[PDB]
Amino acid sequence: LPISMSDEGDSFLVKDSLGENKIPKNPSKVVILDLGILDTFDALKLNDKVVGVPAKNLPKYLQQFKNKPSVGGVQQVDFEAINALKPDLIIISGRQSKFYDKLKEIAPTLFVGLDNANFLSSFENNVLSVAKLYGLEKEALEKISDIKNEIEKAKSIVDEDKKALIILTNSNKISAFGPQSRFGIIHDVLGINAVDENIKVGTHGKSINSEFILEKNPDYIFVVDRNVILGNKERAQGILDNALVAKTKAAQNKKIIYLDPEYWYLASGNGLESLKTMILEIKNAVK
Ligand SMILES: O=C(N[C@@H](COC(=O)[C@H](CO)NC(=O)c1cccc(O)c1O)C(=O)O)c1cccc(O)c1O
Ligand SMILES: [Fe+3]
């Protein structure tokens with residue numbers, strides 16, 4: 001699972017859950033397909049090292065990278081463009097793991113996946129491994145610390161008697177997510193209790209309907225609207241505008257929280273600034 005590195009000493013020998021690579025120190029031509037780790041490059045002052053980004057899925061908080069060469073999207077990866085750039089490192093997360101062999105023929109390929117069962121330790125390991133490549137451990141540790149302090153401030157205000165349900169909307173369908181899922185940080189790190197701790201985890205979640213939401217009667221509903229990312233016309237607010245949901249504590253107290261999908265769905269959890277924004281977004285919704 002974790003990334004491990006030995007100094008060798010114009011490069012590191014690096015092992016991660018997908019394989020092994022010789023990575024040069026201070027790489028100067030990096031193609032990044034994980035949006036969180038791209039934000040981390042910004043935070044570490046490594047902008048000039050980046051030579052390709054998935055411009056098709058570039059969110060509002062990463063527009064300083066809008067003039068970098070495009071390598072397509074996080075799903076629609078453009079291999080010819082990657083190859084034409086002649087990168088010295090490619091950095092990927094779980095969306096691209098199915099392209100690993102093809103990517104690794106072009107250049108050493110680092111996997112920075114987030115472990116849903118161990119979010120914080122994977123986050124730390126991803127960030128510190130990237131910073132090791134550049135001799136920036138001290139800086140990265142200080143910014144990791146600030147994240148921990150933000151986490152403690154958020155936890156401080158959580159009402160231990162209330163419960164939340166996490167849902168994803170897509171076209172007209174609703175699915176639910178719980179602890180240890182792709183959104184589990186809400187329960188697992190920030191301390192917010194779940195209406196159902198036993199939701200089977202899966203990439204796009206457990207299928208449910210409004211009767212189920214009413215039955216659980218959450219105090220907070222956290223909504224990730226995938227429609228926004230795919231450019232469908234439907235919106236979670238429409239799907240949830242019905243009599244079953246309306247009866248819930250969440251609806252009555254206006255605690256149906258539409259989380260920014262450019263952070264939560266595109267999944268920029270590896271970012272030293274973007275993870276802080278997510279933590280703030282939760283905190284401010286429940287304080
Ligand atoms: O519509 C998309 N993908 C297809 C096909 O998706 C996949 O290849 C698989 C599911 O078949 N998805 C992933 O592997 C995946 C992995 C991590 C996080 C994800 O959101 C994922 O979708 C689908 O859901 O049918 C899509 C477009 C942009 C961003 C996404 O996250 C998407 O899921
Ligand atoms: Fe997806």
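Position 1 is the first residue of the sequence; numbering continues from there. Both counts, for ligands and for their atoms, begin at 1 and track the order of listing. Side chains are part of it too, since the values below use all heavy atoms of this structure and drop only hydrogens, waters and symmetry mates.
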Worksheet item: Taking the side chain as C-beta and beyond, is there a heavy-atom pair between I144 and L128 under 4.5 Å?
Response: yes
Under 2.8 Å from the Fe ion (ligand 2), the protein N, O or S atoms found are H204 NE2, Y265 OH
- Query: Can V74 be said to touch ligand 1, with heavy atoms closer than 4.0 Å?
  - Reply: no
If only atom types and distance count, is the side chain of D225 paired as donor or acceptor with the main-chain N or O of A236 below 3.5 Å?
yes
Ring of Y265, cation from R95 - is the NZ or CZ under 6.0 Å from the centre and inside 45° of the axis?
yes
Check your understanding: Relative to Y220, does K163 satisfy both conditions: NZ or CZ under 6.0 angstrom from the six-membered ring centre, and within 45 degrees of the ring's axis?
Key -> no
So that I know where these two stand, are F222 and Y258 an aromatic pair - ring centroids less than 6.0 Å apart? no
Within 4.0 Å of some non-hydrogen atom of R182, the atoms of ligand 1 are 18 (C), 19 (C), 20 (O)
Numbered in order shown, the ligand 1 atoms found under 4.0 Å of a heavy atom of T203 are 15 (C), 19 (C), 21 (C)
If you compare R226, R95, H204 by their heavy atoms, the one closest to atom 3 (N) of ligand 1 turns out to be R226
Subject >> salt bridge (charged side-chain N to carboxylate O under 4.0 Å, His left out) assessment of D196 paired with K216 >> reply: CA-CA 8 Å; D196 191 346; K216 302 288 150 162; 3.4 Å; yes
Could you check whether the rings of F183 and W264 sit parallel, tilted or perpendicular, using 30° and 60° as the cut-offs?
-> tilted
task: Give me the ring orientation class for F123 and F119: parallel if the planes are under 30° apart, tilted from 30 to 60°, perpendicular past 60°.
output: parallel
